[PDB]
Every structure is written in structure tokens, then in C-alpha cells.
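Q: One file: structure-v9.pdb (PDB, C-alpha atoms and all ligand atoms).
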MODEL        1
ATOM      1  CA  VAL A   1     123.643 139.755 114.644  1.00  0.00           C
ATOM      2  CA  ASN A   2     125.875 139.821 117.736  1.00  0.00           C
ATOM      3  CA  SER A   3     128.728 141.963 119.062  1.00  0.00           C
ATOM      4  CA  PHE A   4     131.630 139.533 118.542  1.00  0.00           C
ATOM      5  CA  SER A   5     134.268 141.274 116.417  1.00  0.00           C
ATOM      6  CA  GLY A   6     137.373 140.236 114.497  1.00  0.00           C
ATOM      7  CA  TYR A   7     136.676 136.489 114.287  1.00  0.00           C
ATOM      8  CA  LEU A   8     137.534 134.217 111.377  1.00  0.00           C
ATOM      9  CA  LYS A   9     134.582 132.090 110.237  1.00  0.00           C
ATOM     10  CA  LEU A  10     135.567 128.408 110.047  1.00  0.00           C
ATOM     11  CA  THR A  11     132.085 126.919 109.501  1.00  0.00           C
ATOM     12  CA  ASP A  12     128.468 128.055 109.598  1.00  0.00           C
ATOM     13  CA  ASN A  13     128.542 128.328 113.409  1.00  0.00           C
ATOM     14  CA  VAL A  14     132.207 128.115 114.570  1.00  0.00           C
ATOM     15  CA  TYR A  15     134.376 131.249 114.628  1.00  0.00           C
ATOM     16  CA  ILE A  16     137.955 131.712 115.905  1.00  0.00           C
ATOM     17  CA  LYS A  17     140.179 134.586 117.075  1.00  0.00           C
ATOM     18  CA  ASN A  18     143.556 135.258 118.698  1.00  0.00           C
ATOM     19  CA  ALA A  19     142.490 136.869 121.956  1.00  0.00           C
ATOM     20  CA  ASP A  20     142.653 136.696 125.733  1.00  0.00           C
ATOM     21  CA  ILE A  21     139.314 135.188 126.784  1.00  0.00           C
ATOM     22  CA  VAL A  22     139.350 137.382 129.909  1.00  0.00           C
ATOM     23  CA  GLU A  23     139.694 140.564 127.855  1.00  0.00           C
ATOM     24  CA  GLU A  24     137.155 139.318 125.311  1.00  0.00           C
ATOM     25  CA  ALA A  25     134.531 138.560 127.974  1.00  0.00           C
ATOM     26  CA  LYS A  26     134.989 141.973 129.605  1.00  0.00           C
ATOM     27  CA  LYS A  27     134.443 143.684 126.237  1.00  0.00           C
ATOM     28  CA  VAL A  28     131.510 141.630 124.933  1.00  0.00           C
ATOM     29  CA  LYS A  29     129.819 140.624 128.215  1.00  0.00           C
ATOM     30  CA  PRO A  30     128.419 137.504 126.508  1.00  0.00           C
ATOM     31  CA  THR A  31     125.394 135.612 127.729  1.00  0.00           C
ATOM     32  CA  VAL A  32     127.757 132.658 128.313  1.00  0.00           C
ATOM     33  CA  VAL A  33     131.514 132.387 128.823  1.00  0.00           C
ATOM     34  CA  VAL A  34     132.911 128.846 129.014  1.00  0.00           C
ATOM     35  CA  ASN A  35     135.478 127.991 131.673  1.00  0.00           C
ATOM     36  CA  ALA A  36     138.001 125.188 131.174  1.00  0.00           C
ATOM     37  CA  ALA A  37     137.155 123.696 134.576  1.00  0.00           C
ATOM     38  CA  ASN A  38     138.291 120.658 136.527  1.00  0.00           C
ATOM     39  CA  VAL A  39     135.930 118.403 138.467  1.00  0.00           C
ATOM     40  CA  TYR A  40     136.662 120.194 141.779  1.00  0.00           C
ATOM     41  CA  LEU A  41     136.155 123.683 140.311  1.00  0.00           C
ATOM     42  CA  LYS A  42     139.590 124.637 141.659  1.00  0.00           C
ATOM     43  CA  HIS A  43     140.422 127.530 139.340  1.00  0.00           C
ATOM     44  CA  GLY A  44     144.161 127.647 139.907  1.00  0.00           C
ATOM     45  CA  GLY A  45     145.746 128.221 136.499  1.00  0.00           C
ATOM     46  CA  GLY A  46     145.183 128.270 132.767  1.00  0.00           C
ATOM     47  CA  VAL A  47     141.904 129.721 131.518  1.00  0.00           C
ATOM     48  CA  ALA A  48     140.228 128.927 134.848  1.00  0.00           C
ATOM     49  CA  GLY A  49     142.846 130.687 136.955  1.00  0.00           C
ATOM     50  CA  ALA A  50     142.719 133.729 134.678  1.00  0.00           C
ATOM     51  CA  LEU A  51     138.910 133.953 134.617  1.00  0.00           C
ATOM     52  CA  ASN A  52     138.761 133.614 138.391  1.00  0.00           C
ATOM     53  CA  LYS A  53     141.420 136.298 138.982  1.00  0.00           C
ATOM     54  CA  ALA A  54     139.377 138.689 136.819  1.00  0.00           C
ATOM     55  CA  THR A  55     136.394 138.115 139.189  1.00  0.00           C
ATOM     56  CA  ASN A  56     138.513 139.019 142.245  1.00  0.00           C
ATOM     57  CA  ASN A  57     138.092 135.372 143.442  1.00  0.00           C
ATOM     58  CA  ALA A  58     134.268 135.597 143.480  1.00  0.00           C
ATOM     59  CA  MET A  59     134.127 132.714 140.975  1.00  0.00           C
ATOM     60  CA  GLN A  60     136.115 130.521 143.375  1.00  0.00           C
ATOM     61  CA  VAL A  61     133.932 131.425 146.377  1.00  0.00           C
ATOM     62  CA  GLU A  62     130.778 130.568 144.426  1.00  0.00           C
ATOM     63  CA  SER A  63     132.375 127.370 143.121  1.00  0.00           C
ATOM     64  CA  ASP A  64     133.362 126.199 146.608  1.00  0.00           C
ATOM     65  CA  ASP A  65     129.738 126.494 147.734  1.00  0.00           C
ATOM     66  CA  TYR A  66     128.605 124.611 144.607  1.00  0.00           C
ATOM     67  CA  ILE A  67     130.977 121.713 145.362  1.00  0.00           C
ATOM     68  CA  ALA A  68     130.057 121.648 149.052  1.00  0.00           C
ATOM     69  CA  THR A  69     126.409 121.184 148.031  1.00  0.00           C
ATOM     70  CA  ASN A  70     126.688 118.992 144.925  1.00  0.00           C
ATOM     71  CA  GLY A  71     130.065 117.256 144.951  1.00  0.00           C
ATOM     72  CA  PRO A  72     132.475 117.144 142.015  1.00  0.00           C
ATOM     73  CA  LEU A  73     131.536 117.309 138.367  1.00  0.00           C
ATOM     74  CA  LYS A  74     132.111 114.419 135.973  1.00  0.00           C
ATOM     75  CA  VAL A  75     134.863 114.546 133.368  1.00  0.00           C
ATOM     76  CA  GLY A  76     132.886 115.517 130.267  1.00  0.00           C
ATOM     77  CA  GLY A  77     130.284 117.290 132.412  1.00  0.00           C
ATOM     78  CA  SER A  78     129.383 120.872 133.203  1.00  0.00           C
ATOM     79  CA  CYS A  79     127.461 123.223 135.442  1.00  0.00           C
ATOM     80  CA  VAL A  80     126.073 126.737 134.946  1.00  0.00           C
ATOM     81  CA  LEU A  81     127.125 129.335 137.517  1.00  0.00           C
ATOM     82  CA  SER A  82     127.311 133.125 137.573  1.00  0.00           C
ATOM     83  CA  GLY A  83     129.436 134.993 135.062  1.00  0.00           C
ATOM     84  CA  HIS A  84     130.166 137.660 137.703  1.00  0.00           C
ATOM     85  CA  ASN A  85     131.639 140.789 136.033  1.00  0.00           C
ATOM     86  CA  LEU A  86     132.593 138.867 132.863  1.00  0.00           C
ATOM     87  CA  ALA A  87     129.320 137.486 131.451  1.00  0.00           C
ATOM     88  CA  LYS A  88     125.754 136.727 132.464  1.00  0.00           C
ATOM     89  CA  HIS A  89     126.606 133.052 133.052  1.00  0.00           C
ATOM     90  CA  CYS A  90     129.713 130.897 133.192  1.00  0.00           C
ATOM     91  CA  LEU A  91     129.401 127.371 131.809  1.00  0.00           C
ATOM     92  CA  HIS A  92     132.102 125.397 133.657  1.00  0.00           C
ATOM     93  CA  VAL A  93     132.995 122.488 131.342  1.00  0.00           C
ATOM     94  CA  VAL A  94     135.404 119.677 132.260  1.00  0.00           C
ATOM     95  CA  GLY A  95     137.399 118.365 129.334  1.00  0.00           C
ATOM     96  CA  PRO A  96     139.686 115.387 129.893  1.00  0.00           C
ATOM     97  CA  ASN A  97     143.113 116.290 131.299  1.00  0.00           C
ATOM     98  CA  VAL A  98     145.705 114.198 129.455  1.00  0.00           C
ATOM     99  CA  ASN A  99     148.277 115.075 132.115  1.00  0.00           C
ATOM    100  CA  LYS A 100     146.003 113.166 134.551  1.00  0.00           C
ATOM    101  CA  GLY A 101     145.528 110.149 132.266  1.00  0.00           C
ATOM    102  CA  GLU A 102     141.904 110.961 131.402  1.00  0.00           C
ATOM    103  CA  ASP A 103     140.254 109.486 128.315  1.00  0.00           C
ATOM    104  CA  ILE A 104     140.442 111.888 125.357  1.00  0.00           C
ATOM    105  CA  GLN A 105     137.230 110.358 123.955  1.00  0.00           C
ATOM    106  CA  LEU A 106     135.412 112.344 126.669  1.00  0.00           C
ATOM    107  CA  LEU A 107     136.321 115.522 124.757  1.00  0.00           C
ATOM    108  CA  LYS A 108     133.273 115.065 122.514  1.00  0.00           C
ATOM    109  CA  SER A 109     131.030 114.676 125.582  1.00  0.00           C
ATOM    110  CA  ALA A 110     132.511 117.889 126.994  1.00  0.00           C
ATOM    111  CA  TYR A 111     131.746 119.854 123.827  1.00  0.00           C
ATOM    112  CA  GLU A 112     128.167 118.504 123.770  1.00  0.00           C
ATOM    113  CA  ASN A 113     127.446 120.746 126.765  1.00  0.00           C
ATOM    114  CA  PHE A 114     127.823 123.759 124.450  1.00  0.00           C
ATOM    115  CA  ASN A 115     124.696 122.699 122.522  1.00  0.00           C
ATOM    116  CA  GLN A 116     122.501 123.720 125.452  1.00  0.00           C
ATOM    117  CA  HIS A 117     123.360 127.397 124.770  1.00  0.00           C
ATOM    118  CA  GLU A 118     122.574 129.358 121.620  1.00  0.00           C
ATOM    119  CA  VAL A 119     125.771 131.479 121.675  1.00  0.00           C
ATOM    120  CA  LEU A 120     128.993 131.064 123.672  1.00  0.00           C
ATOM    121  CA  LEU A 121     132.445 132.556 124.088  1.00  0.00           C
ATOM    122  CA  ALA A 122     134.847 129.715 124.789  1.00  0.00           C
ATOM    123  CA  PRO A 123     138.427 128.433 124.777  1.00  0.00           C
ATOM    124  CA  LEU A 124     139.464 125.173 123.146  1.00  0.00           C
ATOM    125  CA  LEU A 125     138.634 122.338 125.532  1.00  0.00           C
ATOM    126  CA  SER A 126     141.499 120.244 126.937  1.00  0.00           C
ATOM    127  CA  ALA A 127     144.097 122.524 125.318  1.00  0.00           C
ATOM    128  CA  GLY A 128     146.828 124.292 127.247  1.00  0.00           C
ATOM    129  CA  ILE A 129     147.656 122.757 130.616  1.00  0.00           C
ATOM    130  CA  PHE A 130     145.075 120.000 130.047  1.00  0.00           C
ATOM    131  CA  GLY A 131     147.608 118.588 127.582  1.00  0.00           C
ATOM    132  CA  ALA A 132     145.533 117.666 124.512  1.00  0.00           C
ATOM    133  CA  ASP A 133     146.394 118.585 120.925  1.00  0.00           C
ATOM    134  CA  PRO A 134     144.611 121.902 120.174  1.00  0.00           C
ATOM    135  CA  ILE A 135     144.218 120.968 116.485  1.00  0.00           C
ATOM    136  CA  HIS A 136     142.285 117.871 117.555  1.00  0.00           C
ATOM    137  CA  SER A 137     140.205 119.893 120.024  1.00  0.00           C
ATOM    138  CA  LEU A 138     139.230 122.317 117.248  1.00  0.00           C
ATOM    139  CA  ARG A 139     138.199 119.383 115.032  1.00  0.00           C
ATOM    140  CA  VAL A 140     136.019 117.887 117.775  1.00  0.00           C
ATOM    141  CA  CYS A 141     134.486 121.308 118.428  1.00  0.00           C
ATOM    142  CA  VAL A 142     133.541 121.809 114.772  1.00  0.00           C
ATOM    143  CA  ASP A 143     132.128 118.273 114.490  1.00  0.00           C
ATOM    144  CA  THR A 144     130.178 118.404 117.790  1.00  0.00           C
ATOM    145  CA  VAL A 145     128.934 121.926 118.540  1.00  0.00           C
ATOM    146  CA  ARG A 146     125.893 123.036 116.527  1.00  0.00           C
ATOM    147  CA  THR A 147     125.217 126.307 118.351  1.00  0.00           C
ATOM    148  CA  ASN A 148     127.199 129.483 117.685  1.00  0.00           C
ATOM    149  CA  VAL A 149     130.633 129.339 119.287  1.00  0.00           C
ATOM    150  CA  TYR A 150     133.248 132.108 119.355  1.00  0.00           C
ATOM    151  CA  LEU A 151     136.628 130.598 120.208  1.00  0.00           C
ATOM    152  CA  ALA A 152     139.369 132.681 121.827  1.00  0.00           C
ATOM    153  CA  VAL A 153     142.920 131.363 121.425  1.00  0.00           C
ATOM    154  CA  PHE A 154     145.420 133.117 123.695  1.00  0.00           C
ATOM    155  CA  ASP A 155     148.638 132.158 121.873  1.00  0.00           C
ATOM    156  CA  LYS A 156     149.122 133.946 118.537  1.00  0.00           C
ATOM    157  CA  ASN A 157     151.479 131.270 117.207  1.00  0.00           C
ATOM    158  CA  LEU A 158     148.931 128.560 118.021  1.00  0.00           C
ATOM    159  CA  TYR A 159     146.123 130.606 116.471  1.00  0.00           C
ATOM    160  CA  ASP A 160     147.923 130.785 113.106  1.00  0.00           C
ATOM    161  CA  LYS A 161     148.601 127.032 113.074  1.00  0.00           C
ATOM    162  CA  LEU A 162     144.954 126.211 113.853  1.00  0.00           C
ATOM    163  CA  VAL A 163     143.840 128.394 110.949  1.00  0.00           C
ATOM    164  CA  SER A 164     146.459 127.233 108.438  1.00  0.00           C
ATOM    165  CA  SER A 165     145.897 123.545 109.222  1.00  0.00           C
ATOM    166  CA  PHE A 166     142.097 123.699 109.424  1.00  0.00           C
ATOM    167  CA  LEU A 167     140.336 121.371 107.012  1.00  0.00           C
TER
HETATM  168  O1  LIG A 201     141.734 128.137 124.100  1.00  0.00           O
HETATM  169  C1  LIG A 201     142.278 127.271 125.152  1.00  0.00           C
HETATM  170  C2  LIG A 201     143.843 127.022 124.950  1.00  0.00           C
HETATM  171  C3  LIG A 201     144.583 128.423 124.827  1.00  0.00           C
HETATM  172  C4  LIG A 201     146.041 128.262 124.239  1.00  0.00           C
HETATM  173  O2  LIG A 201     146.570 129.581 124.073  1.00  0.00           O
HETATM  174  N1  LIG A 201     144.600 129.100 126.128  1.00  0.00           N
HETATM  175  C5  LIG A 201     143.846 130.285 126.383  1.00  0.00           C
HETATM  176  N2  LIG A 201     143.000 130.702 125.394  1.00  0.00           N
HETATM  177  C6  LIG A 201     142.272 131.815 125.601  1.00  0.00           C
HETATM  178  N3  LIG A 201     142.295 132.592 126.699  1.00  0.00           N
HETATM  179  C7  LIG A 201     143.131 132.126 127.657  1.00  0.00           C
HETATM  180  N4  LIG A 201     143.334 132.760 128.885  1.00  0.00           N
HETATM  181  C8  LIG A 201     144.231 132.022 129.626  1.00  0.00           C
HETATM  182  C9  LIG A 201     144.644 130.919 128.879  1.00  0.00           C
HETATM  183  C10 LIG A 201     143.948 130.970 127.608  1.00  0.00           C
HETATM  184 CL    CL A 202     145.891 127.060 129.247  1.00  0.00          CL
ENDMDL
END
Any chance you could put this one into C-alpha cells?

A:
Amino acid sequence: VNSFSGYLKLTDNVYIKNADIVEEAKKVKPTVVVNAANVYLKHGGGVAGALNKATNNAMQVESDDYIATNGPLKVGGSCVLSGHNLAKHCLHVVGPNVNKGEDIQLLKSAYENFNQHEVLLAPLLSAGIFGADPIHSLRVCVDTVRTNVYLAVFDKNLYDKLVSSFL
């Protein structure tokens, strides 16, 4: 039993809800919140910009030190950093950004990072400003993640389409 509330069960382990991931994280304080990161951990907009703003820019400061030490992530890769005031940990995961010409096949590799954590709050990878089809991202999530994932979808119209079209 966990404290996630109001989710629709899609499979044994994947759940979905219309919600602002920032407001969800603040309420639940999950062990892990997933950020929709880029390789430079520059959290300027989308999920990343919103999560960082909610930390009063502490996420960005921590991320800049991470990059200075380790260099950029790989597309499809991840790193674990602090969750600040939102969660215990933040798993920064880089899905492919179609608007940069990045290979969508790397979306499965990105979701594989979730399997290293027993329970996660997350957005759909490569959706939004990363330009991929959110229906496809949900399919890859369901077919790749085996741990318990609670997906927050910000747009109510998109949420209803993902549910009504889900196979
Ligand atoms: O699930 C990823 C794609 C959705 C499309 O609505 N974007 C978001 N979902 C949840 N929380 C969010 N906060 C800021 C953006 C955002
Ligand atoms: Cl977005």
C-alpha cells in the first residue's frame, strides 16, 4: 500500500492520472520523482522547468555541479540527484527529443532506468516539448517498466485520450 490517490490502473504496475507533477510530488513526497531532463540538466521549461522552479532553483544549482564533475548524460540515460522539497530523490531521465532529431528508439532505453526503483512518480517520457507522441510513450512505458509507476499527465484533454485509446 502507498499514498498515491486518484489514479486509474492501466496494468498490474502502471497507473495514470490527470495532475500537475509538481503538485503531486509536494503532496505525496515520493521516494522518487522522475524529471524529463536533457543531457545538460538545463531545466528551462516543460516538466523540468516546473520541477526546478518549485525547488527555488536548488535543483539547477545541484545539477550544474553534477555536470561540472561528470559531464553530460547520454540520451536514454539517467542520474539520481536530490529531490529537494519535492521527493527524497529525483531520477533525471533523458528521453529522445524529436525536435532535436534524436532517435525515438532510445525511448525504451530511457524507460529502462525506471526499473532500478521500486516505486516512482513520473511524467510521460519525450512527451510535451520533447515532441514525441504521448500515446506511443505510454505504450513503451507499459511494455518496458516492471516496477510501480504513477504517471502524472498535466493536460486534461491529453489524459482522456490516453485512457480512451489505451489497449
Ligand atoms: O507527462 C509528460 C507530458 C505532459 C503533457 O501534459 N506534461 C506534464 N505532465 C505532468 N506534469 C507536468 N508539469 C509540467 C509539464 C507537465
Ligand atoms: Cl511538457

Q: Give the residues close to ligand LIG 201 (chain A), within 10 Å, counting all atoms listed in the file; write them as a PyMOL selection string.

A: chain A and resi 16-25+35-36+45-51+121-134+137-138+151-159

Q: Could you tell me how far atom CA of residue 102 of chain A sits from atom CA of residue 59 of chain A, in Å to one decimal place?

A: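 Atom-to-atom, atom CA of residue 59 of chain A and atom CA of residue 102 of chain A are spaced 25.0 Å apart.
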
Q: Could you check the closest approach to ligand CL 202 (chain A) for each of A:67, A:80, A:37, A:3 and tell me which residue wins, using all atoms listed in the file?

A: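 Closest candidate: A:37.
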
Q: Figure out the distance between atom CA of residue 53 of chain A and atom CA of residue 149 of chain A, please, to one decimal in Å.

A: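 Here the two named atoms are 23.5 Å from each other.
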
Q: What's around residue 85 of chain A at 9 Å? Count all atoms listed in the file, leave out sequence neighbours fewer than 6 positions away in its own chain, and write the answer as JSON, numbers by chain.

A: {"A": [25, 26, 29, 54, 55]}

Q: Hey, what's within 10 Å of residue 139 of chain A if we count only C-alpha atoms and toss same-chain stuff fewer than 6 positions away? As an mmCIF file with C-alpha atoms, in the frame of the given file, please?

A:
data_model
loop_
_atom_site.group_PDB
_atom_site.id
_atom_site.type_symbol
_atom_site.label_atom_id
_atom_site.label_comp_id
_atom_site.auth_asym_id
_atom_site.auth_seq_id
_atom_site.Cartn_x
_atom_site.Cartn_y
_atom_site.Cartn_z
ATOM 1 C CA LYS A 108 133.273 115.065 122.514
ATOM 2 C CA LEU A 162 144.954 126.211 113.853
ATOM 3 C CA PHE A 166 142.097 123.699 109.424
ATOM 4 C CA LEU A 167 140.336 121.371 107.012
#

Q: Nearest to ligand CL 202 (chain A) among A:43, A:31, A:4, A:56, with distances taken over all atoms listed in the file: which residue is it?

A: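 With all atoms listed in the file as the atom set, the closest residue is A:43.
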
Q: What separation in Å, quoted to one decimal, exists between atom CA of residue 77 of chain A and atom CA of residue 101 of chain A?

A: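 About the pair atom CA of residue 77 of chain A and atom CA of residue 101 of chain A: they are 16.8 Å apart.
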
Q: Write out as number ranges by chain which residues come within 10 Å of residue 2 of chain A when counting only C-alpha atoms, dropping same-chain ones fewer than 5 positions away.

A: A: 28, 30, 119

Q: Name all residues at most 9 Å from residue 114 of chain A (count all atoms listed in the file; drop same-chain ones fewer than 6 positions away) and give them as a list in words.

A: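 Once the nearby chain positions are removed, what remains is residues 34, 91, 93, 120, 144, 145, 146, 147, 148 and 149 of chain A.
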
Q: Using all atoms listed in the file, which of A:142, A:98, A:79, A:135 sits nearest residue 163 of chain A?

A: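 The closest residue to residue 163 of chain A is A:135.
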
Q: For ligand CL 202 (chain A), which residue among A:92, A:116, A:97, A:109 is the nearest when counting only C-alpha atoms and all ligand atoms?

A: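 For ligand CL 202 (chain A), the nearest of the given residues is A:97.
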
Q: With all atoms listed in the file as the counted atoms, please give the residues lying no more than 10 Å from residue 76 of chain A, apart from itself and same-chain residues fewer than 3 positions off, as number ranges by chain.

A: A: 38-39, 73, 93-96, 103-113

Q: Let me know the centre plus edge lengths, in Å and rounded to one decimal, of a box with edges along x, y and z that contains all listed atoms of segment 4-20 of chain A and is padded by 8 Å on every side, as AutoDock Vina command-line options.

A:
--center_x 136.0 --center_y 134.1 --center_z 117.6 --size_x 31.1 --size_y 30.4 --size_z 32.2

Q: Looking at A:150, A:40, A:7, A:15, which one is nearest to residue 68 of chain A, with distances taken over only C-alpha atoms?

A: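 So, comparing all the options, the nearest one is A:40.
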
Q: I need the output of the PyMOL selection byres (((chain A and resi 82) around 10) and not hetatm) for this file as a PyMOL selection string; which residues are they?

A: chain A and resi 32-33+58-59+62-63+80-81+83-92

Q: Could you check the closest approach to ligand CL 202 (chain A) for each of A:44, A:12, A:60, A:6 and tell me which residue wins, using all atoms listed in the file?

A: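 Checking each candidate against ligand CL 202 (chain A), we get A:44 as the closest.
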